[PDB]
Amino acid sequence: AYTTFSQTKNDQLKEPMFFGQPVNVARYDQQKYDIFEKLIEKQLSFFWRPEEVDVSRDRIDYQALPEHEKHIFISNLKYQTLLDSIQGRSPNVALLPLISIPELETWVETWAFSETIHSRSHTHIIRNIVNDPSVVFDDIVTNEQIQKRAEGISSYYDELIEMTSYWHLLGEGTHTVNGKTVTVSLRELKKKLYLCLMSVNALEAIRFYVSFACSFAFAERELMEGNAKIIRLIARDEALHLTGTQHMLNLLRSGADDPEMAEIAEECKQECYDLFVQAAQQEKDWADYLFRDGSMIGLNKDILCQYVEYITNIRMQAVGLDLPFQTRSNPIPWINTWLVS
């Protein structure tokens, strides 16, 4: 039931963002939602190559860092590397099969592409600061504290993908497979998509943002400046990515795109609220682990805890959720220097 070229002539301006007729012709002269075309144009305008950033002094900077600061630096970078590894592939494997307007289709492929550039940039840094990159790369997979902080990201995508496959193969209904009942409901699949996109919003809008504070705290001391330049370019992309998910989510909950989806979103208001708080809690928990045997000029576990609360309130507000934390001004206004957006 999925096809790479639906042979039915359809009005692409009238399809929903998701679950409609798969996109046939790729055209960009018109859109149902011009935000997605504007994001494509902007991301293309921002194209960069990691190899064109001078990183030659980052190795000696890193080596001269006190052992606990090396630990803060490398652990933060390993988590960034985990997140971009996942985001390189997942928007394509998880969202593309479900998209039914051309502007959003191409936005997702362009988004995913920009993520692979991010992963390439993380290799560029690692190669240039450690003798054996394999040690860093292997620790990403098995590192207990990172299985923990991002515990649950791959599962949301994975369940969405599995349910999408059942939907595409069998359609809605009550089915049997090898002696067991398998229920496929479009409503449940819409719910999974909604929560997946909420989680992707928290990933890019908060999890990655909190990581920028660690990277740019070294930059403020004129250390790891090659890395800083790369993270700066990544943050400029991230601003677009979270703008895309913000719009998808707001168009889904308003009811202008799919009334069923607006019901679903109201229905999981509490669940979503609680998912946001958990992501924030996970990032707080990591902060402590980062800072377990020392702190830095400009950063420590309580400052980065406050930043997690600050950023979380802003993002939740932006997608129409209640604020879990005490309202405060930015605890690290110096970071605005680096977040050019």
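Residues carry their position along the shown sequence, with the first being 1.
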Higher-B stretch (mean Cα B-factor, as the entry records it), 287-295 or 58-66
287-295
With reference to the PDB entry, specify whether the mean Cα temperature factor is higher for 248-256 or for 163-171.
248-256
Which listed residue, 323, 17, 13, 25, has the largest C-alpha temperature factor in the record?
323
C-alpha B-factor winner, where the candidates are 300, 30, 306, 313
300
Which third, lowest, middle or highest, does the C-alpha temperature factor of residue 192 belong to within its own chain?
middle
Residue 6: C-alpha B-factor third of its chain, per the entry, is the middle
Should residue 225 be placed in the lowest, middle or highest third of its chain by the C-alpha B factor in the entry?
middle
Looking at the temperature factor on the CA atom of residue 71, which third of the chain's modelled residues does it land in?
middle
Can you tell me whether residue 215 has a C-alpha B-factor in the lowest, middle or highest third compared with the other modelled residues of the same chain?
middle
